[PDB]
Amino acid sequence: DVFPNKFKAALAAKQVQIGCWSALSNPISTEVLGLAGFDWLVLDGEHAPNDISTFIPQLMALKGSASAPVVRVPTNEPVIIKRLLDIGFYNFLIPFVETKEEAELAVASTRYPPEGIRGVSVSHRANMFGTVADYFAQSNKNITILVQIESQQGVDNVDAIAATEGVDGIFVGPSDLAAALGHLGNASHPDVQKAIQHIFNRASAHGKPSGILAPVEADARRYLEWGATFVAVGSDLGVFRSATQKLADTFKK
């Protein structure tokens, strides 16, 4: 069925999950993206022009795809999380999780009371309009929470955050983290690299898997060796941009 969340389970068994970012915000290219074979695709709702109106068509486009659909909320607040849970998202990427407090809110937003604060609707895409067996009971256990550590504060509290019940994975937002460490546009800086591995280290420390976005293969391969399990190796936008540009160059120079 919809449950159990196989993606959430792969993360638990700390298996390597290869993902790709999506920002093209449309069902046509996203259906093609789902054929690639990635383990998870992040439908970016924060840095990509995506909203409820584009999320649903794309989620339909991904039906029958092995890739686990993950939504990256525009911010960590309960209302949007609620709306995103009902339209059919079972995995979440929460930008800028700086405290254990925030980490809990995020988890609570994906859970029906008393376990959480999720609002209850009786018919929607999540429970496929009432066709999902034992929905209410199951739902609260089949939602993946991926918190992004991309601020100094988030780093300082990485340990508490990773220990939080519900937090299924620790994700590192390199670009934001680099800017946060006074190295905007320079994540490769040894300063950023040390902060990145630290987060990984602590993630592993609390049994939670770590993850990161890294369109550069070398970095991707380095992070995987550092232990990271859910790693995004690129984005539809990026590969499309490079591939097309490259194609033009091999004929025009």
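One rule holds for the numbers: they count along the sequence shown, beginning at 1.
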- Task: Output the stretch having the higher mean C-alpha B factor in the entry; the candidates are 184-192 and 33-41.
- Result: 184-192
- Message: Can you tell me whether 55-63 has a higher mean C-alpha B factor than 199-207 in this record, or the other way round?
- Response: 199-207
- Query: Hey, out of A68, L213, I28, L224, whose CA B-factor is highest in the deposited coordinates?
  - Reply: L224
- Item | Identity of residue with top Cα B-factor, from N91, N76, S123, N157 | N157
- Please rank the C-alpha B-factors of the chain's modelled residues and tell me whether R118 sits in the lowest, middle or highest third. middle
- Item | Ranked C-alpha temperature factor of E101 among modelled chain residues, by third | highest
- Query: Relative to the other modelled residues in the chain, which third contains the C-alpha temperature factor of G130: lowest, middle or highest?
  - Reply: highest
- Can you tell me which third, lowest, middle or highest, the CA B-factor of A228 falls into for its chain? highest
- For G169, the third of its chain by CA B-factor is the lowest
